[PDB]
Amino acid sequence: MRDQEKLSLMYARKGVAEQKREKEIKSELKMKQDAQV
DNA sequence: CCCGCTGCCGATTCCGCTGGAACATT
DNA sequence: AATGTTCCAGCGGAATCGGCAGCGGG
């Protein structure tokens, strides 16, 4: 990838994906620990 | 869009010199 | 009044150092 901007926008989508994943996993961890065996 | 380094560059502090303004004298 | 001294103010060198950008990765 020789285009820095296109790579940056692809990782804009990517990084917002990991941000959403982190938020949802942080939310899930509460009851995941609550009911874990 | 993020995230992270990492150059580097700006500003501070500390000096010191100069200039200008004020002093006090015969 | 003529001048020398003192005082105040301003500029710059030098060292430090922190963060501001920009640049790759995730």
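Under the entry's author numbering, the very last position in the first sequence is 2769; numbers go up by exactly one each time. Virtual Cβ for every residue (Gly too), placed ideally from N, Cα, C.
message: In this structure, how does DSSP classify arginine 2734 when only helix, strand and coil are distinguished?
response: coil
task: Measure the alpha-carbon distance for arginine 2745 versus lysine 2738 and round it to whole angstroms.
output: 11 Å
- prompt: Where does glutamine 2768 sit, in a helix, a strand or coil, going by DSSP?
  reply: Note: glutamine 2768 maps to coil in three-state DSSP.
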